[PDB]
Structures are given as C-alpha cells and as structure tokens.
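Worksheet for the structure shown next.
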Amino acid sequence: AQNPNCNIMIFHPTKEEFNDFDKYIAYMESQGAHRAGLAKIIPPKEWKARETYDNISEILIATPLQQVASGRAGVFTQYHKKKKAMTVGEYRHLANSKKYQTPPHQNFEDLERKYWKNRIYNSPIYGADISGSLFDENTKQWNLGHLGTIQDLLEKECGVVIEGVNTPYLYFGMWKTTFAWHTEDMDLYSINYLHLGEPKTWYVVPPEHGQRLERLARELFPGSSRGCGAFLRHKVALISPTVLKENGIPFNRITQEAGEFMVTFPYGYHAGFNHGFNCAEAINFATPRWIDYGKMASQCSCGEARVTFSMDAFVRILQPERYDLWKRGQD
Ligand SMILES: O=C(O)CNC(=O)C(=O)O
Ligand SMILES: [Mg+2]
Ligand code: NI
Ligand SMILES: [Zn+2]
C-alpha cells in the first residue's frame with residue numbers, strides 16, 4: 001500500500017503532465033497521496049495563472065465577514081459577523097493596517113506559535129465564497145474555471161442527468177483569518193490555488209482516521225454535538241495541533257505559498273489560517289473514486305449548514321433515504 005503513514009505528498013508535474021487534470025489526480029492517488037487527505041502541487045515553471053495581479057482592486061467583497069472567536073486558545077468556535085461591502089483595494093489596505101497586519105516573526109513556525117497563542121483575542125475580517133475566477137481564459141492547464149463538472153461526473157459514472165452548476169470561488173484573507181475543521185460538501189474533493197500574497201497554513205486528518213477527529217470534536221464541543229449529529233458541517237470549530245497531539249489524533253500540517261495548488265481528498269478533514277493579505281481560488285470536484293464517499297457523507301439537517309442549490313441533486317440521487325430530512329434542514 002502506497003504512503004501508509006499518510007504523509008502529505010508534494011508533486012512537481014512537468015508541463016506535459018500538466019495537460020490532463022484528471023489523469024494527474026489519478027496519478028497522485030496511485031502514489032498514495034489521498035491517504036494524507038491533502039497534497040501540494042507545484043506547477044511547472046512554464047505555467048502561469050494569468051499575466052499580472054495589478055488590476056484586481058476593484059473586485060467587490062459584498063459581505064466581508066469578521067471572525068469572532070469564543071472558547072480557549074486551542075479549542076474555540078468562531079462566528080461570522082457581517083460587515084459593510086468593500087473593494088479588494090480597500091480590504092488590502094485594511095489587512096495591511098496596524099490593527100490587522102501580520103506581526104514581526106522569525107519564520108513560519110514562529111508565526112504558527114503566535115497564531116495559536118493569540119488568535120482568539122482578535123477578530124480578523126475575511127472575504128469568502130465570492131463567485132468568480134482570476135484565471136485567464138487562455139490558461140489551458142489547471143484552470144479552476146474549466147474543470148469537468150461534478151454533474152457531468154455523476155452522469156458519466158451513474159447515468160443520471162441532473163440540474164446544477166459547479167463554479168469557482170475567490171477568497172481574500174488577512175492575518176489570522178481562519179478556516180474551521182471540515183470536510184467538503186458531500187465529502188467532495190477540493191482544489192485551491194493561492195493566487196497572490198502571504199501563505200496559508202493547513203492542517204489535515206487522513207480520511208481513514210476522520211472518525212477519530214469527529215469523536216474528539218463531540219467531546220470538545222458537547223452542546224454543539226447534541227444539537228446536530230454532523231455539526232462539523234457548520235464550519236465553526238477549531239482545535240489546535242497541540243490539542244490534537246494531546247488526544248492522539250493523527251494529523252499533518254503544511255504551508256502553501258503563492259503560486260501553489262492544494263488538493264483536498266474525499267473525507268479529508270482540514271483547517272488552517274492565513275499569514276497575511278492573500279487571494280485564493282477554490283472549487284469542489286469529483287472523480288469516480290468520490291462516488292462511494294458521496295453516498296456515505298454525513299449530513300447536517302438541523303438548519304445550520306445551508307448550502308448551494310447544486311447539492312440538492314447530489315443528496316437526492318446518492319442519498320435518497322436522507323433526502324427528505326436534509327431538505328427540511330434546507331427549508
Ligand atoms: O481559501 C480557503 O480558505 C478555504 N479552502 C478550503 O477549506 C479548501 O479549499 O478546501
Ligand atoms: Mg478590479
Ligand atoms: Ni475545504
Ligand atoms: Zn447541523
């Protein structure tokens with residue numbers, strides 16, 4: 001069995017290997033990459049996402065979110081407070097302000113220490129889930145707006161034709177902006193490209209060990225767990241690496257820098273934080289190997305998780321028994 005310790009693998013495809021996206025995912029899996037839950041892909045030196053980032057300041061962040069924490073430094077939740085609209089240029093100036101900018105630090109490890117010590121005492125502002133793309137239309141390789149769609153994958157594998165669409169989303173981050181522990185909707189894959197700016201640190205639990213993380217989370221967030229049998233779908237809970245180590249949870253960590261892709265694999269729990277002002281693009285995708293995970297994915301039906309239109313079909317076709325309850329949670 002390849003990669004039996006479930007380490008995060010880093011790939012360096014050639015320009016020729018960069019042509020066929022599906023083939024390369026399947027290659028990474030042949031080498032055991034999925035066992036980690038996360039892989040990094042460094043694009044060939046000849047590749048670029050677009051020519052420059054000099055003209056992005058007028059993108060609008062219609063609903064910036066202030067991430068307010070509650071709990072203790074290593075075990076906390078966050079809620080998202082809506083803020084007034086602002087442009088990317090206004091958000092960048094805010095991220096760089098004395099109140100929000102990255103502190104002086106020695107290296108990524110020092111900054112990680114500072115994040116986990118001090119995150120809860122601040123409320124950074126995040127642009128999230130902004131439909132759109134920064135890939136040039138002429139970029140043919142690994143263009144996250146030109147991927148094969150999940151609806152087409154389901155039709156190819158299963159024969160069933162369904163409604164829905166699959167488009168990318170932009171994220172604008174600053175120091176301490178945080179992504180809570182989660183798997184993707186319907187335990188899909190994700191791909192994330194860091195277009196510009198400062199790094200993103202990721203933590204990940206191997207898919208084969210995800211239920212260990214879920215059991216710890218039920219222990220650490222006991223009221224949330226009573227409220228919902230899939231409360232990690234709410235995407236609000238944080239647990240530090242120190243707490244995961246104290247509790248014996250298998251995990252790995254890696255830092256993504258600008259110009260790098262990350263792929264998350266089905267049922268790979270992940271969480272992390274941004275180092276400073278940045279812009280990322282991400283989208284969910286499927287392969288044939290996903291189908292079995294989609295059929296088994298947990299679902300939130302308490303009303304909190306509320307998700308896209310296109311997840312309806314996935315539940316309806318893959319999880320007909322759960323469909324009525326889950327749709328009630330949507331309405
Ligand atoms: O850009 C981001 O914060 C969030 N990304 C993820 O959790 C992902 O791509 O799967
Ligand atoms: Mg612009
Ligand atoms: Ni994710
Ligand atoms: Zn719920």
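Every number for a ligand or one of its atoms is a count from 1 in the order of the listing. Counting begins at 1 with the first residue of the sequence.
- Every atom of ligand 1 is numbered from 1 in the order shown, and the set under 4.0 Å from a heavy atom of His182 is 7 (O).
- For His270, the N, O or S atom closest to the Ni ion (ligand 3) goes by the atom name NE2.
- Under a 3.5 Å cut-off, the side chain of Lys156 and the backbone N or O of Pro288 do not form any donor-acceptor pair.
- A heavy-atom distance below 4.5 Å is not found between the side chains of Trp116 and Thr242.
- With hydrogens and angles disregarded, a donor-acceptor distance shorter than 3.5 Å links the side chain of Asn278 to the backbone of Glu198.
- The nearest heavy-atom contact from the protein to atom 6 (C) of ligand 1 is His270 NE2, 3.8 Å.
- Shortest distance from the Ni ion (ligand 3) to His182 is reached at NE2 (N/O/S atoms only).
- Within the 4.0 Å heavy-atom shell around ligand 1 one finds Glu184.
- At least one donor-acceptor pair under 3.5 Å links the side chain of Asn107 to the backbone N or O of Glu109.
- Partner of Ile150 under the side chain to side chain contact (heavy atoms under 4.5 Å, CB included) criterion, out of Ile162, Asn284, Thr287, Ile283: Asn284 alone.
- Contact annotation for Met262 and ligand 1: no heavy atom of the residue comes within less than 4.0 Å of the ligand.
- With salt bridges taken as basic N to acidic carboxylate O contacts below 4.0 Å, none links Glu90 and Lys84.
- Restricting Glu184 to its N/O/S atoms, the shortest distance to the Ni ion (ligand 3) is reached by OE2.
- Counting heavy atoms under 4.0 Å from ligand 1, residue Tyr126 touches it through the side chain alone.
- At a heavy-atom distance under 4.0 Å, only side-chain atoms of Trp202, from C-beta outward, approach ligand 1.
- Atom 10 (O) of ligand 1 has as its closest protein heavy atom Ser190 OG, 2.7 Å.
- Surrounding CD of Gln106 are at most 12 heavy atoms belonging to other residues, nucleotides or ligands under 6.0 Å away.
- Judged by distance alone, with hydrogens and angles left aside, the side-chain atoms of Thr102 form a donor-acceptor pair with the main-chain N or O of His275 at under 3.5 Å.
- When hydrogens are left out, the protein atom nearest atom 4 (C) of ligand 1 is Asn192 ND2, 4.1 Å; that is the closest non-hydrogen contact.
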